[PDB]
**Q** 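Below: one structure in structure tokens.
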Amino acid sequence: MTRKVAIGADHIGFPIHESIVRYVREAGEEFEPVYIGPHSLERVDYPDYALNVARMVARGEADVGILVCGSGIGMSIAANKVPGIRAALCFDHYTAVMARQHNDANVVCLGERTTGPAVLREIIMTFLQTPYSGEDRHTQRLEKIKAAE
Amino acid sequence: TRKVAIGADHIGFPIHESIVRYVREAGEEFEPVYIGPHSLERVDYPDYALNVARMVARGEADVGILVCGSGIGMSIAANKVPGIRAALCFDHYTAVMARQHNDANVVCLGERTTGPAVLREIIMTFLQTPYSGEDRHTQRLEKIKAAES
Amino acid sequence: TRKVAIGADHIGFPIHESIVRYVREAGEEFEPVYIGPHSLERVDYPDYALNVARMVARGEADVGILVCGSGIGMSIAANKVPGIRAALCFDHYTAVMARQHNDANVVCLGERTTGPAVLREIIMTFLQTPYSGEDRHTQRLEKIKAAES
Amino acid sequence: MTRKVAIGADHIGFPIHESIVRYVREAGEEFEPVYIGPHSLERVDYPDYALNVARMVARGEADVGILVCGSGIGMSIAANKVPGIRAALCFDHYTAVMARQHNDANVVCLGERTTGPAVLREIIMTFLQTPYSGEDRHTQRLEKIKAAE
């Protein structure tokens with residue numbers, strides 16, 4: 001039953017990584033977070049952490065990914081370059097629901113500079129708890145994304 | 001002249017004429033090229049995402065705009081194309097930073113989430129905002145490129 | 001039965017039928033009462049704000065919904081009425097908290113800012129969410145009441 | 001030329017008050033902030049600080065007010081109870097512009113739990129720098145709000 005959630009940031013996300021770890025662990029009994037870095041305020045490059053989490057998720061070393069930078073945008077661009085990854089920029093409850101229900105997203109990308117802590121919590125909770133719809137019309141869309149990889 | 005390829009799905013279709021008009025309001029140099037769909041028929045967002053994205057990546061167009069319900073499926077699909085940096089934007093800030101930091105070449109928008117005046121703001125801002133030119137973002141962007149091989 | 005007085009200006013007018021429908025989707029107990037405007041003619045938001053607000057404050061209606069471009073003018077005008085707690089909401093979270101903490105009796109919405117599925121989410125959430133009942137919010141709310149004299 | 005900006009919070013806003021003070025002082029040469037409290041994490045009641053700032057602004061002891069709670073909603077409800085106050089809940093650049101340009105808002109209300117720091121900065125900058133439109137159609141709306149006081 002344990003679902004490991006790999007969490008990655010840059011130095012802009014770094015200052016809130018502890019809260020992200022908690023929001024995961026409190027989202028449900030089976031979710032366990034693994035924070036992969038970085039470990040200081042030293043400037044680093046978001047794609048290195050994006051790609052490390054996305055590759056973990058793609059290989060089945062983690063079930064879900066969470067990435068945090070200033071806006072979430074760079075993380076979502078980088079992570080989507082990994083085959084098998086569907087990385088969703090979410091900024092509210094509605095987008096979190098749709099990312100899962102329609103896109104079966106396996107990575108959620110968030111902006112520390114844009115979205116406040118209770119909303120980041122709610123996004124994470126929602127993303128981890130919402131199932132994929134299972135419907136044919138969505139699946140056919142997802143197969144076209146996988147063909148393009 | 002900057003050619004702006006515009007794509008939607010059926011969910012974004014009903015507002016596509018307003019999107020074309022927002023592009024022309026961003027300035028006289030912008031030439032919108034709306035590539036479909038041209039009716040209310042249900043279609044698959046990735047066909048239109050990948051179409052706009054491929055155009056921009058091949059240099060058939062300078063910038064892309066993708067409109068679906070939330071923006072997320074468009075951003076996931078577009079980013080599968082090498083050379084593409086597709087940014088889901090939902091406000092002025094994210095539109096600025098997608099350009100300034102990520103040199104984003106495709107903006108992805110949600111017709112179900114984001115109201116018309118904000119969509120207009122985002123499009124104008126996205127088209128008018130330059131890349132900051134800073135080497136630390138450039139190195140990040142080179143890392144994303146390297147992950148595409 | 002809960003009567004839901006609904007007001008707009010000319011900017012909110014074009015979506016008022018969707019707002020009425022979102023109210024009926026929130027549950028069978030909700031009865032929408034749309035009080036105008038009934039055409040595209042330019043009107044003054046405060047006339048409709050104060051009208052909905054006065055209805056709710058006098059107990060002619062249980063809840064109010066006000067729609068203008070951004071929500072802001074509606075919230076400023078409605079809150080001038082004693083007994084009114086009008087909340088500008090733009091997502092699920094704010095819709096929850098307006099109810100749970102502020103026991104808000106009027107929700108104010110922006111047709112220009114917020115997309116249709118989020119407006120629907122907000123309305124449903126606002127109508128379905130109860131006040132938390134906590135005494136520390138009640139004391140706050142009594143302080144607002146005291147400032148109205 | 002000095003424009004004093006009175007800033008008030010509750011204990012939920014308290015942890016970011018320093019950043020708010022800076023965002024004001026850096027918004028323009030003439031703006032100077034005055035933080036009125038609270039001064040700890042001890043729980044307090046948002047209406048007491050809302051009403052103190054709003055009354056400062058209403059009496060001409062400060063030119064503009066800023067209020068910060070979890071969502072901004074309680075602050076905007078309370079502050080609007082003071083005659084001469086037009087208190088706008090803002091959550092992005094667009095709402096900040098409209099609050100000033102259309103509503104001539106003199107108080108801006110913000111949510112620490114909802115909106116991230118770079119957006120809070122941008123809202124403040126925009127709110128302080130944007131003039132009122134001066135137009136008759138807006139002024140007639142504002143006179144109707146003042147009649148209701």
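To find a chain, count down the sequence lines: A is the first, B the second, and so on, and within it residues start at 1.
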**Q** Does anything in residues 78-89 of chain B form a salt bridge (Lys or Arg N to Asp or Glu O under 4.0 Å)? List the pairs, not counting sequence neighbours.
**A** A/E149-B/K80, B/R85-B/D103

**Q** Provide the closest heavy-atom pair for B/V81 versus B/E148 in the form atom of the first, atom of the second, distance.
**A**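 Of all heavy-atom pairs spanning B/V81 and B/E148, the closest is O-OE2, 4.0 Å.
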
**Q** Checking A/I7 against A/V24 for the side-chain contact (heavy atoms from CB on, under 4.5 Å) test, could you report, in this order, the C-alpha distance in whole Å, the side-chain angles of both residues, the deciding distance, and whether it holds?
**A** CA-CA 9 Å; A/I7 297 164; A/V24 172; 4.1 Å; yes

**Q** Measure the spacing between CE of B/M124 and CD1 of B/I122 and express it to the nearest 0.5 Å.
**A** 12.5 Å

**Q** Is there a side-chain contact (heavy atoms from CB on, under 4.5 Å) between A/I124 and A/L110 once you walk through the steps?
**A** CA-CA 9 Å; A/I124 289 163; A/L110 309 166; 3.9 Å; yes

**Q** Going by the rule ring-ring contact (aromatic ring centres under 6.0 Å, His included), which residues pair with A/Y23 if we only count those two or more places apart in sequence or in a different chain?
**A**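 Checked A/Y23 against ring-ring contact (aromatic ring centres under 6.0 Å, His included); zero matches.
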
**Q** Without swapping roles, check the side chain of B/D135 against the backbone of B/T138 for a donor-acceptor pair under 3.5 Å.
**A** no

**Q** Under 3.5 Å, is there a donor-acceptor pair between the side chain of C/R99 and the main chain of C/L127?
**A** no

**Q** Mind jotting down which residue pairs meet the ring-ring contact (aromatic ring centres under 6.0 Å, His included) criterion with at least one end in residues 114-148 of chain B? Sequence neighbours excluded, please.
**A**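 Of all non-adjacent pairs touching residues 114-148 of chain B, those that pass ring-ring contact (aromatic ring centres under 6.0 Å, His included) are B/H101-B/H137.
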
**Q** Would you confirm whether B/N51, through its side chain, and B/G36, through its main-chain N or O, come within 3.5 Å as a donor-acceptor pair?
**A**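 Answer holds: no.
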
**Q** Is there a side-chain contact between B/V106 and B/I65 (heavy atoms, below 4.5 Å)?
**A**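 No, their side chains stay 4.5 Å or more apart.
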
**Q** Does C/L88 reach the side chain of D/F91, with side-chain heavy atoms less than 4.5 Å apart?
**A**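 They are in contact (side-chain heavy atoms under 4.5 Å apart), so the answer is yes.
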
**Q** Show your reasoning for whether ring-ring contact (aromatic ring centres under 6.0 Å, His included) applies to A/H11 and A/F14.
**A** CA-CA 5 Å; A/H11 55 286; A/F14 168 77; 9.5 Å; no

**Q** Nearest 0.5 Å please: distance from the CG atom of B/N105 over to the CD1 atom of B/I84.
**A**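 Taking CG in B/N105 and CD1 in B/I84, the distance rounds to 4.0 Å.
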
**Q** What are the two closest heavy atoms between A/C90 and B/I72, and how far apart are they?
**A** SG-CD1, 4.4 Å

**Q** Any side-chain to backbone donor/acceptor pair from A/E112 onto D/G116? Under 3.5 Å, distance only.
**A** no

**Q** Give the minimum heavy-atom separation between A/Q129 and A/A27, together with the two atoms involved.
**A**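 Shortest heavy-atom contact: NE2-O, 2.6 Å.
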
**Q** Could you list all the side-chain hydrogen bond (donor to acceptor under 3.5 Å, both in side chains) pairs where at least one residue sits in residues 57-78 of chain A, not counting sequence neighbours?
**A**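 Qualifying pairs: A/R3-A/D63, A/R59-A/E61.
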
**Q** Over all heavy atoms of both residues, which pair between A/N103 and A/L142 is shortest? Give the atoms and the distance, please.
**A** O-CD2, 3.6 Å

**Q** Apply side-chain contact (heavy atoms from CB on, under 4.5 Å) to the pair A/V108 and A/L67, showing each step before the final yes or no.
**A** CA-CA 6 Å; A/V108 61; A/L67 294 169; over 6 Å; no

**Q** Check salt bridge (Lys or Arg N to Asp or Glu O under 4.0 Å) between B/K143 and all other residues, then give those that pass, not counting sequence neighbours.
**A** A/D45, A/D48

**Q** Do you see a donor-acceptor pair shorter than 3.5 Å between the side chains of B/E134 and B/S132?
**A**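 There is such a pair (donor and acceptor under 3.5 Å, judged by atom type) between the side chains of B/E134 and B/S132.
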
**Q** Using every non-hydrogen atom in the two residues, find where C/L119 and C/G110 come nearest and quote the distance to one decimal.
**A**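 In this case the closest contact between C/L119 and C/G110 is CD2-O, 4.1 Å.
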
**Q** Report the distance from atom CZ of A/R113 to atom CD1 of A/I12, rounding to the nearest 0.5 Å.
**A** 6.5 Å

**Q** To the closest 0.5 Å, what do you measure between OG1 (C/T113) and CG (B/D91)?
**A**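 Rounded to the nearest 0.5 Å, the OG1-CG separation comes out at 12.0 Å.
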
**Q** So C/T129 and C/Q100, side-chain contact (heavy atoms from CB on, under 4.5 Å) or not? Walk me through it.
**A** CA-CA 7 Å; C/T129 303; C/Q100 283 271 109; 3.8 Å; yes

**Q** So, the side chain of D/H93 versus the backbone of B/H92: is there a donor-acceptor pair under 3.5 Å, distance only?
**A**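 Judged by distance alone, no pair lies under 3.5 Å.
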
**Q** Strictly by side-chain hydrogen bond (donor to acceptor under 3.5 Å, both in side chains), give each pair with a member in residues 25-35 of chain A just once, sequence neighbours left out.
**A**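 Every pair satisfying side-chain hydrogen bond (donor to acceptor under 3.5 Å, both in side chains) with a residue in residues 25-35 of chain A: A/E26-A/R121.
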
**Q** For the CE atom of B/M55 and the CD1 atom of B/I35, what is their distance to the nearest 0.5 Å?
**A** 7.5 Å

**Q** For the backbone of B/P32 and the side chain of B/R2, can you confirm whether one donor and one acceptor N or O come within less than 3.5 Å of each other?
**A** no

**Q** In this structure, are over 12 heavy atoms from other groups packed under 6.0 Å from A/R22 atom CZ?
**A**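 More than 12 within 6.0 Å, yes.
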
**Q** Which atoms form the tightest heavy-atom contact between A/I16 and A/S19, and what is the distance?
**A**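 Heavy atoms of A/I16 and A/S19 come nearest at O-OG, 2.7 Å.
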
**Q** If I take atom CG from residue A/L51 and atom CD1 from residue B/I144, how far apart are they, to the nearest 0.5 angstrom?
**A** 7.5 Å

